[PDB]
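As a starting point, one isolated chain is supplied in structure tokens, in the form deposited in one PDB entry.
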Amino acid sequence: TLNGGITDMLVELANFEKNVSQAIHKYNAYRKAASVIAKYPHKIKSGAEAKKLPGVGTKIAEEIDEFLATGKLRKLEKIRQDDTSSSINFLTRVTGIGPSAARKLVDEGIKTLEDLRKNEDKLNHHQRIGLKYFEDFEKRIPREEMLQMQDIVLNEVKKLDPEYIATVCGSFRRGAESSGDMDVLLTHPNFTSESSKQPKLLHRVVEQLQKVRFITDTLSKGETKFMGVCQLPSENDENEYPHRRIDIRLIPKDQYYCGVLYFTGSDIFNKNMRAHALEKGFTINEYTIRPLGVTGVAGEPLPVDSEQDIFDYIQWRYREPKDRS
């Protein structure tokens, strides 16, 4: 406005004393001083004309002369470039880790750049390889490269035993020109709802992947899920294809095409899909499709041999992946 560059100033002063300090009475005084300047119908040109108004005071007018010369203030940006605030935004920047370890990490006086080795008395990691491939995780992944990651893995799988089936999901199957990672799903006809549990089916696929040296590291094992790091092979070009990021997941044969729909679709889409079923009278899950009716009591599960057997059941014209936004 007229003096309405010095009212933007005086507001922020009042927030920090409300919060991270909590000096009331000095929350109050800052605040009244804002209004008096807002009402005065004349452009101020010196903190020397300010003491005359019954609102502004002693050390307050003083802070205005520094404002009206430079156009910047000591008692301000110092609170702005030092706070835990606008550093929560920084501290994680250079970490690739977890919520409450920061604080104690930071609390050691350890920070972003030239503040990083200065104090390394935590000797943790992530899990022992976060802080190392920190550099390649923050770049996107071109489509063209996704296609030949895909092609290698299906090749190994089938050569072991042609009864396996496997497919890749996420943004890649929707049709992106760039991705953030890889997510794959895996089944076999000797694992079902009513059977013994079999991790050895997933161990084998992993071990042979290491053998041809496509998989390089391990972050997590289990009976159902693996979590690691991979790389494409070179003939002798530049320094590197960057190291990348892959997940793998084992599922019952009879609940397969119910999970694949689920690891694609789209959030918004998957939400609009489960309401139309309510209308026609069905209930749909990450595991099954069941007959409902009358009240809260679903029936048996109905049989499914394909993605499309699902659409039929609820009376919808089919919709290809490219269109599931």
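Take the two forms, superpose them, and find the largest set of C-alpha atoms that agree within 1.5 Å; that set is the rigid core. The first residue of the shown sequence is 1; numbering continues from there.
This next part talks about the form deposited in another entry, which is not shown.
- Core-superposed comparison between the shown form and the other one: the Cα of residue 95 travels 2 Å or more.
- Positional change of residue 127 between the shown form and the other one reaches 2 Å or more at the C-alpha, relative to the superposed core.
- Annotation for residue 80: C-alpha shift of 2 angstroms or more between the shown form and the other one, rigid core superposed.
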